[PDB]
């Protein structure tokens, strides 16, 4: 029993129409749209208690809502503003009082940007393990750096010998601004993959860090000399070394 949300990532230019969608299969009467911003908590935008029974939350300004079926609840920004950059969570409960458990969706991370020329895919680099580490510990830590990207919409994974691995992987919790003082700052993210010294020492083995970037779509206009920063994967690969 689950709450779903679509899409997961969104990059829009200011002034554009934006539609977020929420589904729910528990026959829940009540549905909710929240946003979550650093430091502030979960802020309620709209609550819906029955089809066409929508009530304002604390911060309804700049938002509209649609409940035509019991199973779906829609959030609409008619003309998106940059300060509507946020993570949006829908929820549902069995009836509308606070006493009922709210079941939350996985979130939509929306970035609203002044100009799409602010959008950049990541550059990706893999750093080979230190021989000093190998000598000291008999283990070898590769590091991946994803740098220069905007918005912070990425998923990093490691592929060893053509297969995704999770064992021995530790990735930074979130991308970090390269220049925290700038609204449109680009971002970096790092990850480590640790293997044994003998696994790294086998020249048959190959290690690819992959970063899925969520970028522009076909709808978005692009006239820039540089490649259009569409949704794409950027990878870097290293081979084991005797």
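Residue numbers count along the first chain shown, from 1.
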query: CA B-factor placement of residue 153, once the chain's modelled residues are sorted into thirds; finding: middle
query: Chain-relative CA temperature factor third for residue 215; finding: lowest
query: Lowest, middle or highest third - CA B-factor, residue 78; finding: highest
query: Modelled-residue ranking by C-alpha temperature factor, third containing residue 147; finding: lowest
query: Lowest, middle or highest third - CA B-factor, residue 170; finding: middle
